[PDB]
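Just the one chain here, laid out as structure tokens, in the form deposited in one PDB entry.
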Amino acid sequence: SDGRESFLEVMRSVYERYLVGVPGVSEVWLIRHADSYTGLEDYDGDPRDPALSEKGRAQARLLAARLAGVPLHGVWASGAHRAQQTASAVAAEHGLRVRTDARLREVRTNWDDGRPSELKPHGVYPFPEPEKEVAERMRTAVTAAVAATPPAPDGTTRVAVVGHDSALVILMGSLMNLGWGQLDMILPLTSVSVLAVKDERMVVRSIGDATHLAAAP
């Protein structure tokens, strides 16, 4: 060997650590709901629990078309109308009913508590619901969605979970032992983030991809 053998063996071991090329790995496709805030200032419904906007329906259509060829074996959503509506667009193309877990709800906000929203500096946690509590309920909800999905006989078992920006960012940061502000990202509306799961190991595979929106105005 000229060094390529150890290179290949180390590469294999690194991949295995991150659940690449490992049998028995399932995937969770974490999806942020579609737009529900264009026109919110004039909305006659509950502004904290709005339906999708016209723009959001278009984003959900682009997301559903992106996922049409992806095998999906379950679809879960929070109880929020904007998540349910986004999930319905995906689930219909895969012959699945949307299932609901309120543990997927967005972090409780100042607005929920009647206090004005506040722009915080980077690194400063902006929500009244503690990060640790959000991380725990999100991890429990995602573990339950995985456990609820019977293994598919073809390929990778995959469950879609439609939720909310800050709760999803907290979940993914938590899985990397990072706190709020370290994974410094806002997840786009209809973005897809992927976790790889095997027993007790939950690996962040990809984060925040909304590339299906690029060809649309």
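Numbers for residues come from their place in the sequence shown, where the first is 1. Each form is matched to the other, and the largest set of C-alpha atoms that superpose within 1.5 Å is called the rigid core.
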Between the two ranges 39-47 and 170-178, the one averaging a larger CA B factor in the entry: 39-47
Higher-scoring stretch by recorded Cα B factor average, 114-122 or 82-90: 114-122
Candidate set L52, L189, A68, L62 [ranked by C-alpha B-factor, highest]: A68
CA B-factor placement of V20, once the chain's modelled residues are sorted into thirds: highest
Assigned third (lowest, middle, highest) for the C-alpha B factor of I207: lowest
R105 - Cα temperature factor, lowest/middle/highest third of chain: lowest
Lowest, middle or highest third - CA B-factor, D154: highest
Chain third (lowest, middle, highest) by recorded CA B-factor, residue given as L195: lowest
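Missing here is the form deposited in another entry; even so, the following discussion is about that form.
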Displaced residue between the shown form and the other one, judged on C-alpha after the rigid core is fitted, out of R97, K120, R139, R108 (threshold 2 Å or more): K120
Flag for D42, CA shift 2 Å or larger between the shown form and the other one after aligning core: yes
Is_shifted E16 between the shown form and the other one (CA, 2 Å cut-off, rigid core): yes
Cα-Cα trend for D113 and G163, given that in the other form the distance shifts by 3 Å or more: farther
Pairwise C-alpha change, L40 versus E54, in the other form against this form - closer or farther, 3 angstroms or more: closer
